[PDB]
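Enquirer: In case it helps, the authors' numbering puts the first sequence at residues 121 to 179.
Ideal placement from N, C-alpha and C gives every residue a C-beta, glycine not left out.
Before we start, here is the structure in question, set down as structure tokens.
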Amino acid sequence: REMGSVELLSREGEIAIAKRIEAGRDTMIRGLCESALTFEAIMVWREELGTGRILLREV
DNA sequence: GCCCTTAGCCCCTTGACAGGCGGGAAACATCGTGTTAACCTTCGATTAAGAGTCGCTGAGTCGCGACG
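So this is what it looks like as structure tokens:
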């Protein structure tokens, strides 16, 4: 009943939902890469990577 | 008849295995993940041919009175 009387089958809106998810990921990445501990933690963690730490598949 | 001498049994010391639970080291069969992108975006049973009663709900009928 919830699926039918409430939810409506998204016809040709799958690509729109995918683009919305991509936009949300872009917003999250833009908010992450800013002046805060996230940029310092990602930069400090990446400093050890590349030579003696995980350079690929983890960053 | 008693004491001395010697034999047999019991006990102690060493030991050359034998293999035997068991962790380690290794070779090999599990167990939880992923990942792929060419087409359908409501599936389905199951009482319901006897019988005594518990727990709740919602319709049609009346009183009490006020305003003309």
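Where in the segment 131–170 do unbroken runs of the alpha helix (DSSP H), each at least 4 residues long, occur, reported from the N-terminal end onward?
Expert: You should have 134–152, 157–168.
Enquirer: Can you tell me which residues form a DSSP beta bridge with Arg173?
Expert: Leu169, per the DSSP bridge assignment.
Enquirer: Taking only the alpha-carbon atoms, compute the straight-line gap between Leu169 and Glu160 and give it to the nearest angstrom.
Expert: Roughly 14 Å between the two C-alpha positions.
Enquirer: Does the separation of the CB atoms of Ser130 and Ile141 fall below 8 Å?
Expert: It is not a contact, given that the beta carbons lie outside the stated cut-off.
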